[PDB]
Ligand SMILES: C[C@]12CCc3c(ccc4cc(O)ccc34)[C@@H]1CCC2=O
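Here you get one chain, nothing else, as structure tokens; it is the form solved without this ligand.
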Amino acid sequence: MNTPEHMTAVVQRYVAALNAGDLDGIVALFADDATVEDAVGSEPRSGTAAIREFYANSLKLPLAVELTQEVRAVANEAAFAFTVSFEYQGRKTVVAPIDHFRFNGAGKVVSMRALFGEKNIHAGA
């Protein structure tokens, strides 16, 4: 089982790498055969290459990412509340999802999902 400290560390490493625009540091968190989802129902992206292309797209612009509460980490999973703020067709928008990571035994993330709706997408103005 992963430790909760490891899992919490990965989540912090994830948020810092988002903020740094460290594409390759994000991918490094994920297993070879991980699956990522932008949003509930979005096309799942599986495998290192689909994951790098996903994160490359996510990082097409500078992101301001803030962890807004403690990470919840238990068993082989973590969930976290956060905000992602960036220029969306030239206007600053702040999206507040809750993400869910599951981890494999090697401690790499095997799955990510970000849960958010329309009411979680905000001006910040």
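Residues carry their position along the shown sequence, with the first being 1.
Beyond what is shown, the protein has a form deposited with this ligand bound; the following relates to that form.
Chemist: Does any part of residue 112 reach within 4.5 Å of this ligand in the deposited complex? Heavy atoms only, please.
Modeler: Yes.
Chemist: Does residue 1 make contact with this ligand in the deposited complex, using a 4.5 Å heavy atom cut-off?
Modeler: Answer no; every heavy atom of residue 1 is more than 4.5 Å from this ligand in the deposited complex.
Chemist: With the cut-off set at 4.5 Å between non-hydrogen atoms, does residue 38 touch this ligand in the deposited complex?
Modeler: Yes - in the deposited complex, heavy atoms of residue 38 and this ligand come within 4.5 Å of each other.
Chemist: So, residue 99 and this ligand: in the deposited complex, are they within 4.5 Å at any heavy atom pair?
Modeler: The answer is yes: residue 99 has a heavy atom within 4.5 Å of this ligand.
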